[PDB]
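Have a look at query_27.cif; it's mmCIF, N, CA, C and O atoms:
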data_target
#
loop_
_atom_site.group_PDB
_atom_site.id
_atom_site.type_symbol
_atom_site.label_atom_id
_atom_site.label_comp_id
_atom_site.auth_asym_id
_atom_site.auth_seq_id
_atom_site.Cartn_x
_atom_site.Cartn_y
_atom_site.Cartn_z
ATOM 1 N N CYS W 1 66.237 -39.021 75.237
ATOM 2 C CA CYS W 1 66.708 -40.382 74.892
ATOM 3 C C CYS W 1 66.222 -41.416 75.896
ATOM 4 O O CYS W 1 65.701 -41.071 76.957
ATOM 5 N N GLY W 2 66.362 -42.681 75.525
ATOM 6 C CA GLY W 2 66.092 -43.776 76.436
ATOM 7 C C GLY W 2 67.037 -43.793 77.626
ATOM 8 O O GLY W 2 66.884 -43.014 78.570
ATOM 9 N N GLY W 3 68.009 -44.689 77.585
ATOM 10 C CA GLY W 3 68.996 -44.765 78.640
ATOM 11 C C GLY W 3 69.233 -46.188 79.096
ATOM 12 O O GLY W 3 68.629 -47.122 78.568
ATOM 13 N N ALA W 4 70.110 -46.357 80.073
ATOM 14 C CA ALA W 4 70.435 -47.676 80.588
ATOM 15 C C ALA W 4 69.254 -48.270 81.344
ATOM 16 O O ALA W 4 68.813 -47.726 82.356
ATOM 17 N N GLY W 5 68.736 -49.378 80.836
ATOM 18 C CA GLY W 5 67.621 -50.041 81.477
ATOM 19 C C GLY W 5 66.287 -49.547 80.967
ATOM 20 O O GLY W 5 65.238 -49.924 81.489
ATOM 21 N N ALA W 6 66.320 -48.702 79.946
ATOM 22 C CA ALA W 6 65.100 -48.180 79.355
ATOM 23 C C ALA W 6 64.635 -49.086 78.224
ATOM 24 O O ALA W 6 65.444 -49.531 77.409
ATOM 25 N N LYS W 7 63.338 -49.373 78.200
ATOM 26 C CA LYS W 7 62.749 -50.207 77.158
ATOM 27 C C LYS W 7 63.009 -49.614 75.775
ATOM 28 O O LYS W 7 62.941 -48.400 75.584
ATOM 29 N N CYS W 8 63.307 -50.474 74.817
ATOM 30 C CA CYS W 8 63.681 -50.034 73.484
ATOM 31 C C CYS W 8 63.087 -50.945 72.416
ATOM 32 O O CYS W 8 62.774 -52.105 72.675
ATOM 33 N N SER W 9 62.899 -50.395 71.226
ATOM 34 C CA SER W 9 62.544 -51.188 70.062
ATOM 35 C C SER W 9 63.765 -51.296 69.159
ATOM 36 O O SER W 9 64.017 -52.323 68.533
ATOM 37 N N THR W 10 64.519 -50.208 69.115
ATOM 38 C CA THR W 10 65.785 -50.146 68.412
ATOM 39 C C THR W 10 66.818 -49.490 69.319
ATOM 40 O O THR W 10 66.475 -49.049 70.418
ATOM 41 N N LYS W 11 68.067 -49.402 68.882
ATOM 42 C CA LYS W 11 69.078 -48.719 69.679
ATOM 43 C C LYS W 11 68.901 -47.211 69.549
ATOM 44 O O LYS W 11 69.414 -46.442 70.354
ATOM 45 N N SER W 12 68.136 -46.806 68.541
ATOM 46 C CA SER W 12 67.841 -45.401 68.308
ATOM 47 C C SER W 12 66.800 -44.890 69.306
ATOM 48 O O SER W 12 66.467 -43.704 69.325
ATOM 49 N N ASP W 13 66.290 -45.798 70.134
ATOM 50 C CA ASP W 13 65.358 -45.430 71.194
ATOM 51 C C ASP W 13 66.125 -44.934 72.409
ATOM 52 O O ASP W 13 65.540 -44.526 73.412
ATOM 53 N N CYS W 14 67.442 -44.982 72.310
ATOM 54 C CA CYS W 14 68.322 -44.480 73.350
ATOM 55 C C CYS W 14 69.445 -43.671 72.706
ATOM 56 O O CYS W 14 69.674 -43.779 71.500
ATOM 57 N N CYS W 15 70.119 -42.833 73.486
ATOM 58 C CA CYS W 15 71.226 -42.040 72.959
ATOM 59 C C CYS W 15 72.390 -42.946 72.593
ATOM 60 O O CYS W 15 72.553 -44.020 73.178
ATOM 61 N N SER W 16 73.179 -42.513 71.610
ATOM 62 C CA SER W 16 74.331 -43.275 71.142
ATOM 63 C C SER W 16 75.281 -43.578 72.295
ATOM 64 O O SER W 16 76.118 -42.751 72.672
ATOM 65 N N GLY W 17 75.139 -44.773 72.836
ATOM 66 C CA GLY W 17 75.899 -45.179 73.990
ATOM 67 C C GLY W 17 75.187 -46.286 74.722
ATOM 68 O O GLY W 17 75.809 -47.240 75.201
ATOM 69 N N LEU W 18 73.871 -46.162 74.788
ATOM 70 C CA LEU W 18 73.033 -47.204 75.345
ATOM 71 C C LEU W 18 72.439 -48.011 74.201
ATOM 72 O O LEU W 18 71.609 -47.513 73.442
ATOM 73 N N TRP W 19 72.874 -49.248 74.075
ATOM 74 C CA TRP W 19 72.479 -50.082 72.951
ATOM 75 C C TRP W 19 71.324 -50.985 73.349
ATOM 76 O O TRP W 19 71.214 -51.392 74.501
ATOM 77 N N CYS W 20 70.464 -51.294 72.392
ATOM 78 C CA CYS W 20 69.252 -52.047 72.669
ATOM 79 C C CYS W 20 69.519 -53.545 72.610
ATOM 80 O O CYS W 20 69.961 -54.066 71.584
ATOM 81 N N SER W 21 69.268 -54.230 73.718
ATOM 82 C CA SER W 21 69.440 -55.672 73.782
ATOM 83 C C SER W 21 68.301 -56.361 73.036
ATOM 84 O O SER W 21 67.257 -56.674 73.618
ATOM 85 N N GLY W 22 68.499 -56.566 71.740
ATOM 86 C CA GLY W 22 67.470 -57.160 70.911
ATOM 87 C C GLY W 22 66.331 -56.197 70.665
ATOM 88 O O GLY W 22 66.330 -55.463 69.675
ATOM 89 N N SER W 23 65.370 -56.197 71.570
ATOM 90 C CA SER W 23 64.238 -55.291 71.496
ATOM 91 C C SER W 23 63.599 -55.142 72.870
ATOM 92 O O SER W 23 62.396 -54.893 72.991
ATOM 93 N N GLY W 24 64.411 -55.306 73.907
ATOM 94 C CA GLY W 24 63.908 -55.228 75.262
ATOM 95 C C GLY W 24 64.241 -53.908 75.923
ATOM 96 O O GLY W 24 63.433 -52.981 75.911
ATOM 97 N N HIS W 25 65.432 -53.820 76.493
ATOM 98 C CA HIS W 25 65.877 -52.599 77.158
ATOM 99 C C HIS W 25 67.340 -52.314 76.846
ATOM 100 O O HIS W 25 68.145 -53.233 76.686
ATOM 101 N N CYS W 26 67.661 -51.031 76.742
ATOM 102 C CA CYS W 26 69.011 -50.586 76.421
ATOM 103 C C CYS W 26 69.988 -50.908 77.547
ATOM 104 O O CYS W 26 69.646 -50.807 78.727
ATOM 105 N N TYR W 27 71.196 -51.306 77.178
ATOM 106 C CA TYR W 27 72.248 -51.555 78.149
ATOM 107 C C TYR W 27 73.368 -50.536 77.970
ATOM 108 O O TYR W 27 73.615 -50.057 76.860
ATOM 109 N N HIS W 28 74.038 -50.210 79.066
ATOM 110 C CA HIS W 28 75.047 -49.158 79.064
ATOM 111 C C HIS W 28 76.387 -49.651 78.509
ATOM 112 O O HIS W 28 77.381 -49.743 79.226
ATOM 113 N N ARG W 29 76.404 -49.945 77.213
ATOM 114 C CA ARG W 29 77.616 -50.403 76.538
ATOM 115 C C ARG W 29 78.699 -49.334 76.635
ATOM 116 O O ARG W 29 79.783 -49.573 77.161
ATOM 117 N N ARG W 30 78.376 -48.152 76.138
ATOM 118 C CA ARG W 30 79.292 -47.014 76.175
ATOM 119 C C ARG W 30 79.277 -46.371 77.561
ATOM 120 O O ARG W 30 79.998 -45.404 77.817
ATOM 121 N N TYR W 31 78.452 -46.937 78.446
ATOM 122 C CA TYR W 31 78.217 -46.405 79.789
ATOM 123 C C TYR W 31 77.370 -45.143 79.727
ATOM 124 O O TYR W 31 76.271 -45.090 80.278
ATOM 125 N N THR W 32 77.887 -44.150 79.047
ATOM 126 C CA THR W 32 77.170 -42.910 78.798
ATOM 127 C C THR W 32 77.759 -42.211 77.570
ATOM 128 O O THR W 32 77.218 -42.396 76.460
#

Just give me the structure of the file as structure tokens.
Amino acid sequence: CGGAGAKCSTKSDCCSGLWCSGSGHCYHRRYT
């Protein structure tokens, strides 16, 4: 998975917990 601070195109670019800020980098909404 992506992760907190990982570049993303969608939130699916990270594990369910790190959400994609628009299309930049995932933020730790769920923390983990």

Can you tell me, as a VMD selection string, which residues in chain W count as strand (DSSP E) by DSSP? chain W and resid 19 to 20 26 to 27

Can you translate the PyMOL selection byres (((chain W and resi 30-32 and name CA) around 7) and name CA) into the concrete residues it hits in this file, as a VMD selection string? chain W and resid 17 to 18 28 to 29

Mind dumping the selected residues with N, CA, C and O atoms as a short mmCIF file (atom, residue, chain, number, x, y, z; two decimals), keeping the file's coordinate frame?
data_model
loop_
_atom_site.label_atom_id
_atom_site.label_comp_id
_atom_site.auth_asym_id
_atom_site.auth_seq_id
_atom_site.Cartn_x
_atom_site.Cartn_y
_atom_site.Cartn_z
N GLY W 17 75.14 -44.77 72.84
CA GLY W 17 75.90 -45.18 73.99
C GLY W 17 75.19 -46.29 74.72
O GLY W 17 75.81 -47.24 75.20
N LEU W 18 73.87 -46.16 74.79
CA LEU W 18 73.03 -47.20 75.34
C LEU W 18 72.44 -48.01 74.20
O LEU W 18 71.61 -47.51 73.44
N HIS W 28 74.04 -50.21 79.07
CA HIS W 28 75.05 -49.16 79.06
C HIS W 28 76.39 -49.65 78.51
O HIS W 28 77.38 -49.74 79.23
N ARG W 29 76.40 -49.94 77.21
CA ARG W 29 77.62 -50.40 76.54
C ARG W 29 78.70 -49.33 76.64
O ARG W 29 79.78 -49.57 77.16
#

Take every atom of segment 12-21 of chain W listed in the file, fit an axis-aligned box around them, add 8 Å per side, and give the centre and edge lengths in Å to one decimal as lines of an AutoDock Vina configuration file.
center_x = 70.7
center_y = -49.4
center_z = 71.8
size_x = 26.8
size_y = 30.6
size_z = 23.0

Could you list the residues chosen by the PyMOL selection byres (((chain W and resi 23 and name CA) around 10) and name CA) in this structure as a list in words? residues 7, 8, 9, 10, 11, 13, 19, 20, 21, 22, 24, 25 and 26 of chain W

Near-residue 1 of chain W list (7 Å; only N, CA, C and O atoms; drop same-chain fewer than 4 positions) as a list in words: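 The residues that qualify are residues 12, 13, 14 and 15 of chain W.
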